[PDB]
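Enquirer: Sequence first, structure after; it's an experimental one.
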There are 2 protein chains.
Amino acid sequence: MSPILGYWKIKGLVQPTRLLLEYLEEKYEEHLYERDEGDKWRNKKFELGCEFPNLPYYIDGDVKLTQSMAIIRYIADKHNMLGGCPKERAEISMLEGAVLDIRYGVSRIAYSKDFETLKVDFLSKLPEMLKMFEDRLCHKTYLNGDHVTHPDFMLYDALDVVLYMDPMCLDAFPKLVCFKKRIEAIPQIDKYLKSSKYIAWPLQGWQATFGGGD
Amino acid sequence: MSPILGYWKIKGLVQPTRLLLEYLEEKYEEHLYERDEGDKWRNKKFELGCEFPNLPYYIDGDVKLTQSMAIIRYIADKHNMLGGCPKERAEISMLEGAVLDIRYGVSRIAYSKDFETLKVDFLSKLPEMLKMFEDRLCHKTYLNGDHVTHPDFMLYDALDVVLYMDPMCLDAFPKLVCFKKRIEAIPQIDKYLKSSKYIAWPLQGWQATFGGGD
Ligand SMILES: N[C@@H](CCC(=O)N[C@@H](CS)C(=O)NCC(=O)O)C(=O)O
Ligand SMILES: N[C@@H](CCC(=O)N[C@@H](CS)C(=O)NCC(=O)O)C(=O)O
């Protein structure tokens, strides 16, 4: 009938996936759990019949998946995006992980009581990671060349998130600033960001010291 | 000539990969950085010509990879282990991530000043995660059935590590205890664990409050 994507009504681990979906113009319904609906989730966690109960979850009627990275890869795999040979598939997983180093580096410290200080540490390292992507892009339109791949959306999500921790972390990385704008210009993405379905905030769980609240 | 696998002379993010290598009986040399050799690494970090300088790194002469998960997947991809169709490839990435929830859950708290207290929290949740694997195994010899897949080694590494945090976390999970023993009985793995190449300790960086030291 139509695949279902379940997660908290926040950006978190699933935002890049939503972006990929719209880009592919894939049909999908959403199970959005509000901050006061942990009971509704705890009442459904073991009912869906998922192998490893967790959020997010993607039910395809053909499958019952639960790891965010397995879900994003599965979707792209359906559209033959992921590789073509070991070497290319590896290149794409390398991009994946390097963005995760940034995205996860934020999730780690966010939520913590010492966030305000840990922030200093993470931000002092951010430039070295950003640089790797800035160079990559110096001779490629997208992360993997002329064509889009799911890591492009992962990187976009990461960029969106760090700009909130520090509005200036991109000054010094013009290629990254263009890339952020180029992704937003994709007809499908432009349409999505201006739509009712776009979850602009929060970045993390509503409880996080960073990216939380409303 | 022969692929090179570079990393700190510890288990860390690369142990499951070493296990996979031996299992496949793949030829490979190692660049092992000792705790007093950060200079040697900082002097090589930008020389290898890797796209995203980091540890671990896998140089195939055919490729220059750096994300631990991209490296383990690449190796198995060379041996046609990873899938056969989207659905199977997804199932295998789901297993990946679920083990990482355990392995990374340890790395997160290890290294911290509050480790001793965070330990209580992580251990109180460990059972729920362990249970998912115990059930999976109730009707399958390995994680993906009758045949081995790289997540099997990831899970073995995870098991090895938690048994140090709490020697009793496996009491109550007999299938998991057998699985741990079954992996150790693979001719290739048995041979490796008894060899000079096996890095038994440390689990994390020598600095970690947990898994560190000598
Ligand atoms: N490694 C998993 C982690 C998932 C996860 O931690 N999800 C959180 C939200 S970001 C959820 O609250 N877990 C629900 C649960 O464990 O019941 C993934 O990549 O999906
Ligand atoms: N997400 C990366 C992280 C790698 C990483 O953090 N490696 C640590 C050791 S566990 C190393 O010290 N990094 C070396 C560096 O950043 O120069 C991966 O999966 O490989």
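Expert: Sure thing, it's come through. Numbering: from 1, shown residues only, chains lettered A, B, ... in the order given. Ligands and ions are numbered 1, 2, ... in the order given.
Enquirer: quick one: the helices in chain A?
Expert: Counting by DSSP state H, one finds helices in chain A at the ranges A:15-24, A:38-42, A:68-78, A:86-109, A:115-138, A:150-165, A:174-184, A:187-193.
Enquirer: right, quick check: the fifth one against ligand 2, any contact?
Expert: This points to helix A:115-138. No. Using CB under 6 Å from any ligand atom, we find that helix A:115-138 stays clear of ligand 2, coming within 8.1 Å at best. Where you see a C-beta, it was placed from the backbone N, CA and C, and this is true even at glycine.
Enquirer: contact partners of that helix?
Expert: Contact with helix A:115-138 is made by A:98-99, A:101-102, A:105-106, A:108-109, A:112, A:143, A:155, A:162, A:165-166, A:169-170, A:172-173, A:175-176, A:179, A:209-210, B:51-53, as judged by CB atoms under 8 Å, 6 or more residues apart in numbering or on different chains.
Enquirer: Counting neighbours, which of the residues you listed end up buried?
Expert: For those, a burial check counting by 16 or more other CB atoms under 10 Å in any protein chain shown picks out A:98-99, A:101-102, A:105-106, A:109, A:143, A:155, A:162, A:165, A:169-170, A:173, A:175-176, A:179, A:209-210, B:51-53.
Enquirer: Same list, the helices of chain A, but as a markdown table with distance to residue B:138 please.
Expert: Converted to a markdown table, the helices of chain A look like this (distance: least, CB to CB, whole Å):
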| stretch | distance to residue B:138 |
| --- | --- |
| helix A:15-24 | 31 |
| helix A:38-42 | 24 |
| helix A:68-78 | 22 |
| helix A:86-109 | 31 |
| helix A:115-138 | 41 |
| helix A:150-165 | 34 |
| helix A:174-184 | 44 |
| helix A:187-193 | 42 |
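Enquirer: Just give the closest residue to the residue in chain A that ligand 1 sits nearest to, not the sequence neighbours.
Expert: At 3.5 Å from ligand 1, residue A:68 is the closest residue in chain A, using CB to the nearest ligand atom. In space, residue A:68 comes closest to residue A:13 once its chain neighbours are excluded; the distance is 4.1 Å by CB to CB, 6 or more residues apart in numbering or on different chains.
Enquirer: how close does the one you found get to residue B:24?
Expert: For residue A:13, the distance to residue B:24 equals 32 Å [CB to CB, to the nearest Å].
Enquirer: Looking at these two, which has the bigger crowd around it?
Expert: Per other CB atoms under 10 Å in any protein chain shown, whichever of residue A:13 and residue B:24 has more neighbours is residue A:13, with 22 against 17.
Enquirer: Got phi/psi on the more buried one?
Expert: phi -70, psi -20 (degrees, to the nearest 10).
Enquirer: Please look at it and residue A:56 and confirm they touch.
Expert: Yes. With contact defined as CB atoms under 8 Å, residue A:13 and residue A:56 form a contacting pair (6.3 Å).
Enquirer: Which neighbours do those two have in common?
Expert: A:7, A:68.
Enquirer: and residue A:19, what does it touch?
Expert: Contacts for residue A:19 (CB under 8 Å, 6+ apart) come out as A:153, A:156-157, A:189, A:192.
Enquirer: Go again with 10 Å.
Expert: Contact analysis of residue A:19 by CB atoms under 10 Å, 6 or more residues apart in numbering or on different chains lists A:72, A:150, A:152-154, A:156-157, A:183, A:186, A:188-189, A:192-193, A:198.
Enquirer: Which PyMOL command selects the buried ones in the residues you listed?
Expert: A single PyMOL command suffices to select whichever of those are buried according to 16+ other CB under 10 Å:
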select buried, chain A and resi 72+150+152+153+154+156+157+183+186+189+192
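Enquirer: Run through the contacts of residue A:19 and flag the ones next to ligand 1.
Expert: Within those, nothing lies near ligand 1 by CB under 6 Å from any ligand atom.
Enquirer: how close does the nearest residue to residue A:94 once chain neighbours are set aside sit to residue A:97?
Expert: Excluding its sequence neighbours, the residue lying closest to residue A:94 (CB to CB, 6+ apart) is residue B:70, at 4.4 Å. Distance from residue B:70 to residue A:97, counting by CB to CB: 6 Å.
Enquirer: cool, and residue A:176?
Expert: Look at residue A:176 and residue A:97: by CB to CB, they are 18 Å apart.
Enquirer: sorry, back to before: so what's the residue nearest to residue A:94 up against?
Expert: Residue B:70 is in contact with A:89-98, B:52, B:56, B:58, B:63, B:77, counting by CB under 10 Å, 6+ apart.
Enquirer: If we use 8 Å, what do you get?
Expert: Here residue B:70 is in contact with A:90, A:93-94, A:96-97 (criterion: CB under 8 Å, 6+ apart).
Enquirer: coming back round to it: can you say which of the helices of chain A is nearest to residue B:18?
Expert: Closest approach to residue B:18 among these is made by helix A:86-109 (17.7 Å; CB to CB).
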